[PDB]
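Structure, as structure tokens:
Every chain is numbered from 1, with letters handed out A, B, ... down the list of sequences. Just so you know, these numbers use all the heavy atoms, side chains as well, and skip hydrogens, waters and symmetry mates.
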Amino acid sequence: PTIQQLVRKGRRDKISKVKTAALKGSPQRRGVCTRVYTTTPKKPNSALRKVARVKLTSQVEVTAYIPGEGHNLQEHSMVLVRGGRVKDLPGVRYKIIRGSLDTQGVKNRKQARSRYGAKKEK
Amino acid sequence: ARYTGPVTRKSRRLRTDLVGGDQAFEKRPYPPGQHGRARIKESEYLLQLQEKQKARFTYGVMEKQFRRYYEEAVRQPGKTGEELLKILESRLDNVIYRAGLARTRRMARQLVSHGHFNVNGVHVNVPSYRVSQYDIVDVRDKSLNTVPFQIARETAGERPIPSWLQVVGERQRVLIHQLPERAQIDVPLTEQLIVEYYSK
Amino acid sequence: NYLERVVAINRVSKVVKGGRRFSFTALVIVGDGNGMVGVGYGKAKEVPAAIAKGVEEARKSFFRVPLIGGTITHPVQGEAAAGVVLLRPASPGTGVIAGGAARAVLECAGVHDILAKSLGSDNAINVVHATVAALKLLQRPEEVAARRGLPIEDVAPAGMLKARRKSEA
Amino acid sequence: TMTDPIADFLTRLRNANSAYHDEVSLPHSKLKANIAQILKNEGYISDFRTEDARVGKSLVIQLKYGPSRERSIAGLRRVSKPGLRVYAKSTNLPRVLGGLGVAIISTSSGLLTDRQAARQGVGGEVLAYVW
Amino acid sequence: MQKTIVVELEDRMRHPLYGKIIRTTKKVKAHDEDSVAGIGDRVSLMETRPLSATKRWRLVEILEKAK
RNA sequence: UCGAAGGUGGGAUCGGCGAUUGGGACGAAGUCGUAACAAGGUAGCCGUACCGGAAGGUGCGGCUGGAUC
RNA sequence: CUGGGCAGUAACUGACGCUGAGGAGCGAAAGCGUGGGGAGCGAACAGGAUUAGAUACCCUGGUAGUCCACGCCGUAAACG
RNA sequence: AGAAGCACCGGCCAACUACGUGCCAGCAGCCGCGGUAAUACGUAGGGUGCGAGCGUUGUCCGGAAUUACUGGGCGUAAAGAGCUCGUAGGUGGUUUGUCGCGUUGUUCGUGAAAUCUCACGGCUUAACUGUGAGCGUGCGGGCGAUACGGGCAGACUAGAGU
RNA sequence: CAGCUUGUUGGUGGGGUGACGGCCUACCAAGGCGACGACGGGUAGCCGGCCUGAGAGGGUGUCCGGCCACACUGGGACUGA
Ligand SMILES: [Mg+2]
Ligand SMILES: [Mg+2]
Ligand SMILES: [Mg+2]
Ligand SMILES: [Mg+2]
Ligand SMILES: [Mg+2]
Ligand SMILES: [Mg+2]
Ligand SMILES: [Mg+2]
Ligand SMILES: [Mg+2]
Ligand SMILES: [Mg+2]
Ligand SMILES: [Mg+2]
Ligand SMILES: [Mg+2]
Ligand SMILES: [Mg+2]
Ligand SMILES: [Mg+2]
Ligand SMILES: [Mg+2]
Ligand SMILES: [Mg+2]
Ligand SMILES: [Mg+2]
Ligand SMILES: [Mg+2]
Ligand SMILES: [Mg+2]
Ligand SMILES: [Mg+2]
Ligand SMILES: [Mg+2]
Ligand SMILES: [Mg+2]
Ligand SMILES: [Mg+2]
Ligand SMILES: [Mg+2]
Ligand SMILES: [Mg+2]
Ligand SMILES: [Mg+2]
Ligand SMILES: [Mg+2]
Ligand SMILES: [Mg+2]
Ligand SMILES: [Mg+2]
Ligand SMILES: [Mg+2]
Ligand SMILES: [Mg+2]
Ligand SMILES: [Mg+2]
Ligand SMILES: [Mg+2]
Ligand SMILES: [Mg+2]
Ligand SMILES: [Mg+2]
Ligand SMILES: [Mg+2]
Ligand SMILES: [Mg+2]
Ligand SMILES: [Mg+2]
Ligand SMILES: [Mg+2]
Ligand SMILES: [Mg+2]
Ligand SMILES: [Mg+2]
Ligand SMILES: [Mg+2]
Ligand SMILES: [Mg+2]
Ligand SMILES: [Mg+2]
Ligand SMILES: [Mg+2]
Ligand SMILES: [Mg+2]
Ligand SMILES: [Mg+2]
Ligand SMILES: [Mg+2]
Ligand SMILES: [Mg+2]
Ligand SMILES: [Mg+2]
Ligand SMILES: [Mg+2]
Ligand SMILES: [Mg+2]
Ligand SMILES: [Mg+2]
């Protein structure tokens with residue numbers, strides 16, 4: 001558009017949004033994990049999803065998903081929270097690392113076993 | 001690391017006999033597995049991936065080492081598929097195969113790796129040595145009167161020696177004339193699809 | 001012994017009183033492998049009955065693509081309905097670099113050394129028509145001299161004069 | 001108003017090449033008559049001449065067509081615009097259709113092509129790519 | 001400015017990205033040993049030692065004065 | 001004389017909290033209408049005014065992204 | 001009382017041209033201020049009918065406003 | 001003889017069957033999968049990609065010609081100010097002469113070393129390392145060119161005004 | 001963030017310094033900067049380089065090497081090339 005316009009009012013790319021806040025530059029972040037409860041998904045895809053209201057050490061309050069079957073988180077367990085967002089849950093953008101501070105790994109796993117956290121065999 | 005597994009299994013998936021002559025191949029020239037006889041979908045990425053797999057397991061070269069060969073094949077003048085097979089051919093275990101001092105590729109790798117060869121009077125034990133022009137490839141003086149070395153003496157006639165190297169008499173020592181261009185390279189594989197694989 | 005590659009197959013539809021009436025289209029590229037290529041669309045009820053119509057149409061719209069011995073003569077850029085395909089010649093070592101729609105027209109025509117990039121629409125039908133519109137813009141160095149009345153040694157550069165004599169010797 | 005008289009010159013040649021006219025006519029200047037010589041020596045037009053109009057002079061250019069209706073001029077493109085001037089050194093002179101075209105480079109030794117300004121080692125302003 | 005003259009220089013230069021010749025101006029303070037320079041005045045300067053806080057130039061001569 | 005920290009004073013600016021309150025988004029298979037899409041049952045939208053549970057209704061001017069002969 | 005446009009003559013000046021960030025002026029209708037005027041039409045309003053309801057459509061009435069003077073508003077599907 | 005694991009196997013994207021499960025348990029980057037025959041969930045077999053590593057998350061560039069100078073748009077998709085007048089700014093018709101600021105040629109100074117590309121050499125190869133040459137897009141000083149842009153001093157009537 | 005500046009912009013006579021200089025001081029003149037972004041607010045050590053990219057660009061300043069700034073916070077001189 002008329003080169004003198006680009007000299008006067010130059011180009012400027014669009015503002016990128018911070019796609020995962022509340023970790024503030026950290027790949028993992030631990031919390032205190034109050035209110036372990038259970039939430040329902042959207043209009044299709046009905047189930048019972050296991051979430052938690054983790055209070056991270058960034059002094060923020062986010063909602064983390066607990067993957068795998070079976071967990072032992074009650075009210076004050078130290079969890080370690082990483083990224084990744086769950087689609088059918090509307091406002092959940094975080095996940096609990098299984099095989100962490102106070103999250104045991106998923107028992108009876110023999111496939112893929114590194115996600116979900118599990119020693120080989122004894 | 002090496003592969004250290006079944007050798008016919010990766011000659012059946014690629015639909016191409018990689019080692020020199022095999023009776024386990026050509027009884028079942030289809031890929032292995034319980035779904036072995038199924039109709040495969042001829043993709044374009046499959047023709048480019050399996051053509052690169054023809055070049056790795058013929059030579060016994062892992063992926064992070066075969067990629068560095070591509071990073072200088074594309075950077076030298078000439079072509080890219082030419083100079084990729086040029087620097088793959090100049091590996092010292094491939095020199096022992098073409099000179100007729102070993103049966104298959106996996107024992108030409110050990111005879112270099114176990115330290116049975118000098119080059120300029122220098123004791124090498126790496127398979128990835130790249131011989132330059134005018135290199136002599138000599139055998140150790142200790143490693144004569146040895147079973148895998150005396151079996152390579154009378155059997156110097158059944159496989160053709162290429163024209164870019166020369167074998168001489170009672171001293172089994174290999175003389176490298178020049179780096180091979182295209183014609184004296186054995187062709188189980190086409191070369192332009194490996195260049196098109198890394199373009200993705 | 002022609003080369004042919006089916007590019008895309010989609011199930012088109014048509015709503016009637018009762019319900020839907022399905023059909024199959026199949027864009028097919030048929031080439032000589034040396035210098036010729038054709039494009040035919042073709043459509044029928046059954047999927048092999050539509051590739052069979054695509055080949056019989058593509059063998060009726062051949063056009064000669066001017067080569068030099070592995071690459072095209074000069075860079076072009078063709079305009080389809082809304083597809084834009086940029087063609088750029090290459091050194092004789094580098095293979096064809098193109099998307100899945102423009103690779104079919106260039107491997108069947110016989111090009112070994114090409115750099116292609118689609119700029120406009122992502123539709124596989126219009127990228128093929130843009131590549132055909134780019135190959136019509138190509139013109140021969142012995143045909144640019146009869147158009148200008150000059151000899152070939154001063155309308156062609158010094159590189160692609162001796163790039164021809166390395167092919168047929 | 002009337003700015004950039006050389007881009008009008010290329011436009012009047014495009015709009016009659018694309019309509020198969022035998023000749024054009026246009027107002028005269030000494031920069032147009034030197035570009036029109038370079039278009040004649042490369043064989044994109046046939047002979048041009050200078051008439052005498054009412055005021056000033058006038059330039060009349062015969063165009064060239066093949067045995068069939070084949071254009072002799074496959075395009076025209078003004079490169080250095082009066083809102084953005086383009087200059088080029090002698091080691092990076094522009095290469096037009098890979099060599100089958102001509103760029104009208106304006107050097108201190110007169111108007112030259114790409115090949116004439118490369119073997120004489122001089123650079124300048126890139127007026128137009130004819131090709 | 002009582003023995004100090006103010007000169008508006010001009011300078012043309014390519015843009016780093018768009019390639020257009022851009023015309024920009026400066027203002028410099030120069031030194032007069034005798035205050036004879038009106039408004040107009042194609043002047044000629046030469047830079048010196050720091051003569052004041054912001055004076056760095058001196059008036060050499062005047063050509064085709066304020067008409 | 002100048003002078004860091006300290007003391008008093010009225011302003012500037014950026015954030016937290018706040019009884020109560022304005023709207024927005026999304027939730028379920030809630031309640032009351034039927035405004036728009038067909039001439040959507042009174043042709044529709046635009047600016048402005050006043051009015052009405054709610055959509056919206058009517059005035060004045062305008063558009064065809066509506067008609068009519 | 002006054003602005004612009006078009007054609008012809010080619011008498012005259014001799015590039016005085018084009019566009020124009022900010023800015024300034026003009027700017028349908030509704031509306032708003034002070035004072036006039038008010039036939040007809042007609043938001044709000046009221047009654048009647050229609051209807052499950054009818055704060056609407058249709059009907060009889062009918063205030064602001066529509067009109068004038070001097071200011072403000074500065075918005076329209078202000079559109080090709 | 002003392003020495004192999006990890007992810008993945010619906011499409012993208014190389015690689016599929018059986019059993020358990022029955023909108024549950026759970027999966028997932030997207031759109032989607034699971035409601036009694038699931039190549040998508042859990043396991044076993046098989047397979048593929050790598051391999052002393054393999055995967056997940058965080059972050060940046062690419063793909064994105066989705067800030068477009070190279071390289072886009074604006075009748076109806078997002079986008080022409082309601083319309084004109086005018087300030088700074090951007091831009092400028094034909095022609096003669098001149099200065100040589102822009103532009104361009106050439107040469108000396110500078111652009112440290114390392115890194116980077118090329119070519120050889122030395123560590124058993126390689127990473128790494130040494131040497132030689134390019135690179136360092138520039139900037140300053142001297143000497144050439146005047147076609148074009150511009151500055152200065154004139155001329156002309158086709159644009160503009162009277 | 002649209003008006004900032006009074007030793008502020010300039011001159012003369014002194015003082016000061018390794019040295020030019022409102023650097024400081026007394027008087028005199030009334031200037032200096034700004035829509036090409038002054039004054040203000042947010043952030044940041046800078047570069048050779050590093051990562052990506054076909055290039056142009058985009059992100060970054062970590063090892064190594066050059067330069068700058070600071071040494072519990074804020075100020076101040078002394079000794080000496
Ligand atoms: Mg390794
Ligand atoms: Mg057709
Ligand atoms: Mg288009
Ligand atoms: Mg698109
Ligand atoms: Mg898309
Ligand atoms: Mg002084
Ligand atoms: Mg509150
Ligand atoms: Mg309505
Ligand atoms: Mg309705
Ligand atoms: Mg109704
Ligand atoms: Mg209606
Ligand atoms: Mg009403
Ligand atoms: Mg109306
Ligand atoms: Mg006159
Ligand atoms: Mg104007
Ligand atoms: Mg009115
Ligand atoms: Mg009122
Ligand atoms: Mg009134
Ligand atoms: Mg009144
Ligand atoms: Mg009523
Ligand atoms: Mg009424
Ligand atoms: Mg009046
Ligand atoms: Mg007004
Ligand atoms: Mg508006
Ligand atoms: Mg109107
Ligand atoms: Mg597959
Ligand atoms: Mg089942
Ligand atoms: Mg599974
Ligand atoms: Mg990631
Ligand atoms: Mg970009
Ligand atoms: Mg991205
Ligand atoms: Mg766009
Ligand atoms: Mg336009
Ligand atoms: Mg619309
Ligand atoms: Mg629109
Ligand atoms: Mg308009
Ligand atoms: Mg304006
Ligand atoms: Mg000017
Ligand atoms: Mg001019
Ligand atoms: Mg260096
Ligand atoms: Mg070596
Ligand atoms: Mg080095
Ligand atoms: Mg120089
Ligand atoms: Mg004082
Ligand atoms: Mg003094
Ligand atoms: Mg003084
Ligand atoms: Mg900091
Ligand atoms: Mg790119
Ligand atoms: Mg540092
Ligand atoms: Mg550090
Ligand atoms: Mg400390
Ligand atoms: Mg001292």
* Asked: Using atom P of each nucleotide, how far apart are G:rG65 and F:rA35 to the nearest Å?
  ->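 Approximately 34 Å lies between the P atom of G:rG65 and that of F:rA35.
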Does [atom1] belonging to [X] count more than 12 external heavy atoms closer than 6.0 Å?
X: E:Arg56; atom1: CZ; value: yes
X: B:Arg2; atom1: CZ; value: yes
X: A:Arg49; atom1: CZ; value: yes
X: B:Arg109; atom1: CZ; value: yes

For the residue pair [X] and [Y], confirm or rule out a side-chain donor-acceptor distance under 3.5 Å.
X: A:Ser58; Y: A:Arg29; value: yes
X: B:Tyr30; Y: B:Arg37; value: yes
X: E:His31; Y: E:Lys55; value: yes
X: A:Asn45; Y: A:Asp88; value: yes
X: B:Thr8; Y: B:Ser11; value: no

* Pull out every stem in RNA chain I, meaning runs of 3 or more consecutive Watson-Crick or G-U wobble pairs with both distances under 3.5 Å. =>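 Detected stem regions: I:9-15 with I:23-29, I:49-52 with I:57-60.
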* Does any N or O in the side chain of A:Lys42 come within less than 3.5 Å of the main-chain N or O of A:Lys87, such that one atom is a donor and the other an acceptor? ->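 Yes, because the side chain of A:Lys42 sits within donor-acceptor range (under 3.5 Å) of the backbone of A:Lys87.
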* **A:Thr2 side chain vs A:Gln5 backbone, donor-acceptor pair below 3.5 Å** => no
Could you check whether [N] and [M] make a Watson-Crick or G-U wobble pair, counting it only if both donor-acceptor distances come in under 3.5 Å?
N: F:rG9; M: G:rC73; result: no
N: G:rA77; M: H:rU66; result: no
N: H:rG62; M: H:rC148; result: no
N: G:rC45; M: G:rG61; result: yes

Describe the nucleic acid contact of [X] in one word from base, sugar-phosphate, nothing, applying a heavy-atom distance below 4.0 Å.
X: B:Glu63; value: sugar-phosphate
X: D:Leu84; value: nothing
X: E:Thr4; value: sugar-phosphate
X: A:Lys110; value: sugar-phosphate

Could you check which of [options] has an atom nearest any side-chain atom of [X]?
X: B:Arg9; options: H:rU48, H:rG51, H:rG149; answer: H:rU48
X: D:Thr1; options: H:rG51, H:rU67, G:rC18; answer: G:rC18
X: A:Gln111; options: H:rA4, H:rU43, H:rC6; answer: H:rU43
X: B:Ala1; options: H:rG51, I:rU12, H:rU66; answer: H:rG51

Report all interatomic pairs (protein N or O, nucleotide N or O of nucleotides 119-121 of chain H) with separations under 3.5 Å.
none

* To do: Using a 4.5 Å cut-off on heavy atoms from C-beta on, say whether the side chain of C:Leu119 contacts that of C:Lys117.
  => yes
* Do H:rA28 and H:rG29 pass the stacking test of six-membered ring centres within less than 5.5 angstrom and planes tilted under 30 degrees? ->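 Base stacking between H:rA28 and H:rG29: absent.
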* Asked: Among pairs that include at least one residue of residues 77-92 of chain D, which meet side-chain hydrogen bond (donor to acceptor under 3.5 Å, both in side chains), considering only residues two or more places apart or in two chains?
  ->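 Qualifying pairs, neighbours excluded: D:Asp4-D:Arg78, D:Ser80-D:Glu125, D:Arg85-D:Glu125.
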Please write out the pairs of protein N or O atoms and N or O atoms of nucleotides 4-8 of chain G separated by less than 3.5 Å, giving the distance to one decimal.
none

* Structure fact -> Expected string for nucleotides 17-33 of chain I under the B/S/- scheme (protein heavy atoms, under 4.0 Å, primed atoms plus P, OP1, OP2 as sugar-phosphate) is ---BS-S-----S-SSS
* Assign a letter to each nucleotide of nucleotides 27-36 of chain H from its 5' end: B, base within under 4.0 Å of a protein heavy atom; S, sugar-phosphate only; -, no contact. => BBSSSBBB--
* Asked: Is the distance from OP1 or OP2 of I:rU9 to the nearest side-chain N or O of E:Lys55 less than 4.0 Å?
  ->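 Answer no for this pair, as no side-chain N or O of E:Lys55 is under 4.0 Å from OP1 or OP2.
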* Asked: Charged N to carboxylate O below 4.0 Å: is that the case for B:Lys54 and B:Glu51?
  ->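 Yes.
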* For the ring pair A:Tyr65 and A:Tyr94, is the centre-to-centre distance below 6.0 Å? ->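 No, too far apart.
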